[PDB]
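J.:
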Amino acid sequence: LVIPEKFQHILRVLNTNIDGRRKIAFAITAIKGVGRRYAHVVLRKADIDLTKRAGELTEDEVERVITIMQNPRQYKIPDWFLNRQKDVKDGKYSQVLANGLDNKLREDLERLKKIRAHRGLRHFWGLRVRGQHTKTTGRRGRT
Amino acid sequence: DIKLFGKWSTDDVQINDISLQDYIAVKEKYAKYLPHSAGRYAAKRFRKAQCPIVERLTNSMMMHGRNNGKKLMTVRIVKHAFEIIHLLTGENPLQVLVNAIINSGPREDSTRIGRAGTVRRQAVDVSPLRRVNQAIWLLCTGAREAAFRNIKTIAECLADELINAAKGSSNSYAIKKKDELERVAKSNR
Amino acid sequence: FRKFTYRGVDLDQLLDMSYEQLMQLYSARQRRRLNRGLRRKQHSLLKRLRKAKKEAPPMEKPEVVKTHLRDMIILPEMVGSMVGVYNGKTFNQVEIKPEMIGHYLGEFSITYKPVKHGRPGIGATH
Amino acid sequence: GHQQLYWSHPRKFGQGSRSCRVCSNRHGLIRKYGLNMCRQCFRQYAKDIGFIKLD
Amino acid sequence: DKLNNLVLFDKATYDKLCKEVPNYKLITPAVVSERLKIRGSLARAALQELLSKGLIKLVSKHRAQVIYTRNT
Amino acid sequence: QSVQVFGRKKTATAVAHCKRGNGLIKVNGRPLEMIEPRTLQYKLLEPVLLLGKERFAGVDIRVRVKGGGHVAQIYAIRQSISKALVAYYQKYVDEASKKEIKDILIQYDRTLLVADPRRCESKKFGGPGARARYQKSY
RNA sequence: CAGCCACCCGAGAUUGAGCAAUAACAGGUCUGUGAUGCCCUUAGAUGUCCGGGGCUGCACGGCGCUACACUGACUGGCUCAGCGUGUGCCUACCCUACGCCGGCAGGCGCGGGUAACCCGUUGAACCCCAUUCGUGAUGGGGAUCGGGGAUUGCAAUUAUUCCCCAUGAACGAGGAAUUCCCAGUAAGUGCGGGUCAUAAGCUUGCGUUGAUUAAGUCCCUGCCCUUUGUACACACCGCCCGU
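Residue numbers (the numbering used here), protein chains in the order written: chain A, 1 to 143; chain B, 1001 to 1189; chain C, 2001 to 2126; chain D, 3001 to 3055; chain E, 4001 to 4072; chain F, 5001 to 5138.
#1: Do B:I1136 and B:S1060 have their C-beta atoms within less than 8 Å of each other?
#2: Between the stretch 74-100 of chain A and chain C, which residues of the former have CB atoms less than 7 Å from a CB of the latter, in chain order?
#3: Going along chain A in order, which residues have a C-beta closer than 7 Å to the C-beta of C:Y2104?
#4: Tell me where the beta strand (DSSP E) around F:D5060 begins and ends.
#5: Per DSSP, which one or two residues make a beta bridge with B:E1108?
#6: By how many angstroms is the C-alpha of B:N1103 removed from the C-alpha of B:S1169?
#7: Decide yes or no for the touch test of the stretch 2070-2078 of chain C against the stretch 2097-2115 of chain C: beta carbon pairs closer than 8 Å, at least 3 of them.
#8: At the level of alpha carbons, what is the spacing between residue 152 of chain A and A:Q85?
#9: Is A:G131 near the ligand SAM, judged by its Cβ being under 7 Å from some heavy atom?
#10: Going by DSSP, what residue range makes up the beta strand (DSSP E) through B:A1166?
#11: Would the beta-carbon of F:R5038 fall within 8 Å of that of F:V5048?
#12: In the DSSP output, which residue or residues are listed as bridge partners for C:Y2026?
#13: Anything in chain A within Cβ reach of C:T2111, meaning under 9 Å, just list it in chain order.
#14: Measure from the C-beta of F:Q5107 to each C-beta in chain B and report whether the shortest distance is under 8 Å.
#15: For a test of the three-state rule: what should DSSP assign to A:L1, helix, strand or coil?
#16: State buried or exposed for F:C5018, treating a residue as buried only when at least 16 other CB atoms are found within 10 Å of its CB.
#17: Flag E:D4010 as yes if its beta-carbon sits less than 8 Å from any beta-carbon of chain A, otherwise no.
#18: Residues of chain E with CB under 8 Å from B:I1154, in chain order?
#19: Select from F:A5096, F:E5033, F:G5068 the residue whose C-alpha is nearest the C-alpha of F:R5008.
#20: Whose C-alpha, out of B:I1018, B:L1094, B:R1107, B:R1056, is nearest the C-alpha of B:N1188?
#21: Look at the Cβ atom of B:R1076, then the Cβ atom of F:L5040, and state whether they are nearer than 8 Å.
#22: So, F:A5115 versus F:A5076, is the Cβ gap smaller than 8 Å?
#23: Three or more beta-carbon pairs under 8 Å between the stretch 2046-2059 of chain C and the stretch 2080-2091 of chain C, yes or no?
#24: Residues in its own chain within less than 6 Å of B:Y1023 by CB, not counting five upstream and five downstream?
#25: Looking only at C-alpha atoms, which of C:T2090, C:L2069, C:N2092 sits nearest to C:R2031?
#26: Please give the ranges of any alpha helix (DSSP H) in the stretch 87-143 of chain A, keeping only runs that are unbroken, at least 4 residues long and fully inside the region.
#27: Return no unless some Cβ of chain F is closer than 8 Å to the Cβ of B:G1114.
#28: Using only the alpha-carbon positions, how far apart do B:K1186 and B:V1096 sit?
#29: Among B:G1065, B:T1089, B:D1001, B:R1149, which one has its Cα closest to the Cα of E:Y4024?
#30: Can you pull the chain A neighbours of E:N4005, defined as C-beta to C-beta under 7 Å?
#31: Is the beta carbon of B:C1157 closer than 8 Å to that of B:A1166?
#32: Please state if the CB of E:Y4014 and the CB of E:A4046 are separated by a distance shorter than 8 Å.
#33: Could you tell me the alpha carbon to alpha carbon distance between C:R2029 and A:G55, rounded to whole angstroms?
#34: Residue ranges of each alpha helix (DSSP H) run of no fewer than 4 residues wholly in the stretch 5008-5063 of chain F, ordered along the chain?
#35: Can you round the beta-carbon distance between A:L14 and A:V62 to whole angstroms, since I take them to be within the 8 Å contact cut?
#36: In chain B, what lies closer than 9 Å to F:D5103 by C-beta?
Here it is as structure tokens:
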């Protein structure tokens, strides 16, 4: 329950963005390595208590699921929630860390720009790579 | 006899107006243990004009066509109107429904003028059958106006719907539209 | 700088071992036309490959060769030869980097382009 | 040309592999139930074959 | 603004659940608990949990316009 | 034992197998008291138990109505209850008891037992549905 | 009287379609036709060969799509409510259960089915709704290209590729004007069939859905009848007058 001190409103855990107003399946999803079915499988394989709440969370719990995100090969599950899966720069599913160095961090997008990949050109805009018949098309990519 | 458990009774309804004997059918054999038993009033030669108040509440609330799909929901909301108004008032829900809709609602409701009218309305002596039925309609649409699309916690929205429909708070939009209708009715006077 | 790695999977390490076990790990797509067998209906592609790699080594635009085949891929030695569409109306000449193994967008040559768009104004309703 | 260039690939299945069994027309054919007619020939012969307008 | 909310059960969610809410003629905790400006849904959840101590099985939640107990 | 009254609402597939015992109705393995919808329970349990619990101990009925939809097997169970009781008290008690139990089961339900032939209606060409067409002409 | 409006021994008191007259159109079809009048003459003839490709050079004021929300949730709930196809006679090209490759497109294998007999008790909503809603940018997108690996068919380049993944262009039904709609209709969703070597956001049918209705009118757009006027009859998109 709440105690007469600071609630876990705004803190820097893993440089992610989350505010304590939306409930479960949304708070865990705020970190790009936790949420939905992957959260289900992690909570299963780690044998975790259902009652635990994220309202006053501990950093270790999110970190451990993130470590599982880095290395899900042993678990025999899709290493999903990664934009870097089977992509250049990782010999094996590796975790890149830190922010403010996005160009270096996501150099995958720089590799896609230097090869001028239309697929890569898709990222940065909201549109279909296939491009459907002339109609409400093109509107995909509004800034 | 037939009653509600060992704690509630349903034989406490006597208005004695001698005017609800031509449209509200209680005369001879229209009694039901059942709140609703799959009526076929459509196939009948307009034999649906002797309809009681509970079925009006049953059939006059849904917005658009976004509730139909299972009359399960209709009968369930009849049952839960029963129980929720019973919880609100501590007595027979239908009795207090009538009590709290008669003391308010349409005194002279919306009805046109002569052969064609849309500019203003006419302060019309509302017939007891149509006054009661349209007051239940007011409560139903106010329930789907207040309980639905509410900015507050919904377990007292029937209490505030009763407040808006009878006491006259400036919360429900239907009650201010009816206020404009009453302003026209007084324009007639 | 950075060389070519096969989509996060090592390539020089791939060539470290033998060659008979690479077909068991052959990449996705661009093998169907010759999937009927490493037999007839294939000699033309290898003939053009020898043609181009004799007139132009890798990392170079080839000499008058216009093959329309996807050039079933095993290694980024495909550079040094160009997939081109020949009609008298289609002529693409682009030097493409050797990062193409069984994967996306190794072909910049395009057989169509938008046609002259006229004036969109001059009224819209009457 | 007569038998040397053609007939070197499966192409026995296209729309040209069918034609109306009454007029040898390849447009608007009816494959359902196998009577294999066009629209208009079937409309002409429906009474005789056994199809009657009731719906 | 960024209104301050508490994600889980709270003392305010536990507040006055049996002190003056069930001692009124209208036994409905919704609006009265809402006056505390603390989430009323979890207040209802706490009230239901304390009502379902284990003597009578109350696991059904039903719709929003749902009944509450009589304890006056 | 043959009474030949059944219970059939809408198109639900029902069986009314009669042999002496307690009157129980099995729905998805859930008996009459504990019912599948779990929300229309009072509306079906009110007529029988308030008059007596041994009231159904006359002739047991296998009622296994494989009904899908709550309006389907709900009110089908009460149709079965009323029909079985009325037929048993008709054929195997006497005419006067017939009259009185028919009176109470008719004040239960005046006239809504049997309906007209109707269901979801057909679709016509020229439009997406039964009575609807393509783009509008204002 | 013909009939109409409501109901007191009482299952039933306007289901929806098919057919659909006389007289007409210079309405459409000679690119459905072994249903046919009036024709052409001489070289990569409209019929074989066209890797590539024809509307796709396109910004939801032509069918089928977003509910700013307890009427809504992911099986603690289904003994279910429910059109009609499916293989070799020309002709190889059908529907598929079940195991393995598998935690999966797709591939392999024996098996059933000429069909109420096999697909199949067709996965046509999950009603308590065991990740679980307070002032709702954030379950009402996730303004879609990365990933076990990507097709029984030469060609998948605006296209049958395929099983699925954090709020981010909309914000409360978005009006210049429009070959929609009244009792299981509108509108969600999906499932079939025709097209189909590959394929349906097309069309044609099929499913859980209502009434206290508006038991209305001729103000629009039209139609019908009567009277009436006409200088109209190519019939008001007429006739016609004058500079």
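C-beta: ideal position from N, C-alpha, C; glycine also.
T.: The short version:
#1: Start at 1 with the first residue of the second sequence, and residue 1136 of chain B comes out as number 136. Start at 1 with the first residue of the second sequence, and residue 1060 of chain B comes out as number 60. Yes, the Cβ-Cβ distance between B:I1136 and B:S1060 is below 8 Å.
#2: Taking 7 Å as the Cβ-Cβ cut-off against chain C, the residues of the stretch 74-100 of chain A that qualify are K86, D87, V88, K89, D90, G91.
#3: Looking up residue 2104 of chain C in the third sequence gives position 104. Those are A117, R119, listed as they occur along chain A.
#4: In the sixth sequence, the residue the question calls residue 5060 of chain F occupies position 60. Counting along the chain, the beta strand (DSSP E) containing F:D5060 begins and ends at 5059-5063.
#5: By one-based count along the second sequence, residue 1108 of chain B stands at place 108. B:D1125.
#6: Along the second sequence, one-based indexing puts residue 1169 of chain B at 169. Along the second sequence, one-based indexing puts residue 1103 of chain B at 103. Cα-Cα distance, rounded: 15 Å.
#7: The stretch 2070-2078 of chain C is in contact with the stretch 2097-2115 of chain C.
#8: With chain A running from 1 to 143 in the structure shown, residue 152 of chain A is simply not present.
#9: Among the components modelled here there is no ligand, and therefore nothing to report on the ligand SAM.
#10: Looking up residue 1166 of chain B in the second sequence gives position 166. Looking at the DSSP string, B:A1166 is not in any beta strand (DSSP E), and its letter there is neither H nor E.
#11: By one-based count along the sixth sequence, residue 5038 of chain F stands at place 38. By one-based count along the sixth sequence, residue 5048 of chain F stands at place 48. No.
#12: In the third sequence, the residue the question calls residue 2026 of chain C occupies position 26. The secondary-structure analysis by DSSP pairs C:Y2026 with nothing; it has no beta-bridge partner.
#13: As a position in the third sequence, residue 2111 of chain C is number 111, starting the count at 1. Under the 9 Å cutoff, chain A gives no residues; its nearest Cβ is about 15 Å from C:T2111.
#14: What you label residue 5107 of chain F is simply residue 107 of the sixth sequence in a count that begins at 1. Under the 8 Å criterion on CB atoms, F:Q5107 is classed as interfacial with respect to chain B.
#15: The residue labelled residue 1 of chain A in the question sits at position 1 within the first sequence. Coil, per DSSP.
#16: In the sixth sequence, residue 5018 of chain F corresponds to position 18, counting from 1. Burial check for F:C5018: the Cβ neighbour count within 10 Å reaches 16 or more, so the residue is buried.
#17: As a working mapping, residue 4010 of chain E is identified with position 10 in the fifth sequence. Interface residue, yes.
#18: On the second sequence, residue 1154 of chain B is found 154 positions in, with the first residue counted as 1. Residues of chain E passing the Cβ test: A4030, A4064, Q4065.
#19: By 1-based counting over the sixth sequence, the position of residue 5008 of chain F is 8. Ranking the options by Cα distance to F:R5008, first place goes to F:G5068.
#20: Position 188 of the second sequence, counted from the first residue, corresponds to residue 1188 of chain B. Closest by C-alpha distance to B:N1188, out of B:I1018, B:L1094, B:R1107, B:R1056, is B:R1107.
#21: On the second sequence, position 76 is the one that residue 1076 of chain B refers to. On the sixth sequence, position 40 is the one that residue 5040 of chain F refers to. The answer is yes: Cβ separation under 8 Å.
#22: Here the question's residue 5115 of chain F lines up with position 115 in the sixth sequence. Here the question's residue 5076 of chain F lines up with position 76 in the sixth sequence. Contact: no.
#23: Using a Cβ-Cβ distance cut-off of 8 Å, the stretch 2046-2059 of chain C and the stretch 2080-2091 of chain C are in contact, since at least three pairs of beta carbons, one from each stretch, lie closer than that value.
#24: Here residue 1023 of chain B corresponds to residue number 23 of the second sequence, with the count starting at 1. Cβ within range, chain order: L1129.
#25: In the third sequence, counting from the first residue as 1, residue 2031 of chain C sits at position 31. For C:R2031, the nearest C-alpha among the options comes from C:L2069.
#26: The stretch 87-143 of chain A contains these whole alpha helix (DSSP H) runs: 102-105, 107-114, 118-122.
#27: Translated into the one-based positions of the second sequence, residue 1114 of chain B becomes position 114. The beta-carbon of B:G1114 is placed no less than 8 Å from the nearest beta-carbon of chain F.
#28: Along the second sequence, read from residue 1 onward, the residue named residue 1186 of chain B stands at position 186. Along the second sequence, read from residue 1 onward, the residue named residue 1096 of chain B stands at position 96. About 28 Å.
#29: The residue you call residue 4024 of chain E lines up with position 24 of the fifth sequence. Of B:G1065, B:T1089, B:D1001, B:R1149, the smallest CA-CA separation from E:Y4024 is found for B:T1089.
#30: In the fifth sequence, counting from the first residue as 1, residue 4005 of chain E sits at position 5. The answer, in chain order, is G20, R21.
#31: As a first step, residue 1166 of chain B must be located in the second sequence, where it is residue number 166. As a first step, residue 1157 of chain B must be located in the second sequence, where it is residue number 157. Going by C-beta atoms, B:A1166 is not nearer than 8 Å to B:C1157.
#32: Reading the fifth sequence from its first residue, position 46 is the one you call residue 4046 of chain E. Reading the fifth sequence from its first residue, position 14 is the one you call residue 4014 of chain E. Contact: yes.
#33: Position 29 of the third sequence, counting from 1, holds the residue named residue 2029 of chain C. Position 55 of the first sequence, counting from 1, holds the residue named residue 55 of chain A. Roughly 48 Å between the two C-alpha positions.
#34: Every alpha helix (DSSP H) of 4 residues or more that sits fully in the stretch 5008-5063 of chain F is shown, in chain order, as 5041-5049.
#35: On the first sequence, residue 14 of chain A is found 14 positions in, with the first residue counted as 1. On the first sequence, residue 62 of chain A is found 62 positions in, with the first residue counted as 1. A:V62 and A:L14 do touch by the CB rule: their CB atoms are close to 7 Å apart, below 8 Å.
#36: Within the sixth sequence, numbered from 1, the residue matching residue 5103 of chain F stands at position 103. Taking a Cβ-Cβ cut-off of 9 Å, F:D5103 has no neighbours in chain B, whose nearest Cβ is about 10 Å from it.
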